[PDB]
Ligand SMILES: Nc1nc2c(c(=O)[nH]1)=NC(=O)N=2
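Only one chain is included here, represented as structure tokens and corresponding to the form solved without ligand OXG.
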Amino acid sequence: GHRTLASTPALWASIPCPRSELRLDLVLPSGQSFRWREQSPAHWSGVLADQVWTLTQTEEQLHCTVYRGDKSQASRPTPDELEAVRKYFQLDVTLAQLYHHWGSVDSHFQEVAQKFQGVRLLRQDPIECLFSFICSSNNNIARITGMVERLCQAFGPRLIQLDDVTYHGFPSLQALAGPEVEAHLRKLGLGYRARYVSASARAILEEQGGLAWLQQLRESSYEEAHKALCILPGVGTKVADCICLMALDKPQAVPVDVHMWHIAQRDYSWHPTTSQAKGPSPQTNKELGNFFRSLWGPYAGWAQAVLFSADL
């Protein structure tokens, strides 16, 4: 079954990481990745790179364990595996520097940060992020979490079973580009966005030269990446910004939806001054995003994530 640090200590290895730099409970269930669950108190299990991990923390350390299945002997994560975890959590960025900057320009942020410490922005795989945000509206974390689980159960490789939980890899393009994908996703309860999952997979595979197209957007400017993503069925401005932020290494991206508007009004008394519109629209949404980029700086999307963790 699922491991705990206490039950099987020799299968865990550690990364130095103060709780000031990372709070798993404030990050993993906060609406960035949908692949994690707290199966044991303070222990988060999920898929990171088509492998199952469990993570837990002590005061100065992130402890990690990886499940290898029947082909390999059980052993602690290797140094390269642990680096993969560090990259996922972007641990080379000093969060304290960012928090100090954001609090210096934003008193509301500084207030919220006192309770919501160690909220980091994950660095997600581009396929996984794209298709997670295509497959469901992101109106409720519980809904999207369920839809993503169904998608991976449907078209993702079976990795391992732990207790009553069967973990799947994220689906491949080829899997998602099949005939019958839409219909089978609608049969599982995904509804009209099932069509976008299929069509976007086929678009990337057939028309854009495959996975490399999407991977190249990590190196491309925010402007090029956003525009490129918007060509895909099911991706408009907000999803494209989500992907840019969360998987294409554009920390400046600030996705704008009704949730962000609510925070802007509730916590900032913000009103648009460019647009004629009083409410969400393409022009006013752009304005809002540029507002927070201008306020918070080049890591504005990371600052947004702190406020989203606090709002849950």
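Don't overthink the numbering: it's just position in the shown sequence, from 1. What we label the rigid core is the largest C-alpha set whose atoms superpose within 1.5 Å from one form to the other. Residues that one form lacks are left out of the comparison.
From this point on, the text means the form deposited with ligand OXG bound, which you will not see here.
Student: So, a 4.5 angstroms cut-off on heavy atom distances: do all three of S30, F34 and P255 pass it with respect to ligand OXG in the entry with it bound?
Tutor: Contact check passed for all of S30, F34 and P255.
Student: Please name which of the stretches 236 to 244, 156 to 164, 77 to 85, 222 to 230 has residues with heavy atoms lying within 4.5 Å of ligand OXG in the entry with it bound.
Tutor: Contact-bearing stretch, as computed: 236 to 244.
Student: Exactly one of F133, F89, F170, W102 has a non-hydrogen atom within 4.5 Å of ligand OXG in the entry with it bound; which residue is it?
Tutor: When ligand OXG is considered in the entry with it bound, the option within 4.5 Å is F133.
Student: Work out which of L48, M260, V66, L62 lies within 4.5 Å of ligand OXG in the entry with it bound, going by heavy atoms.
Tutor: Answer to the contact question: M260.
Student: Using the arrangement in the entry with it bound, list in sequence order the residues of 277 to 312 with any heavy atom within 4.5 angstroms of ligand OXG.
Tutor: Stretch hits, in order: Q304, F308.
Student: Can you list the runs, three or more residues long, in which each C-alpha shifts by 2 Å or more between the shown form and the other one once everything is superposed on the core?
Tutor: After superposition, only residues 135 to 139 shift as a run.
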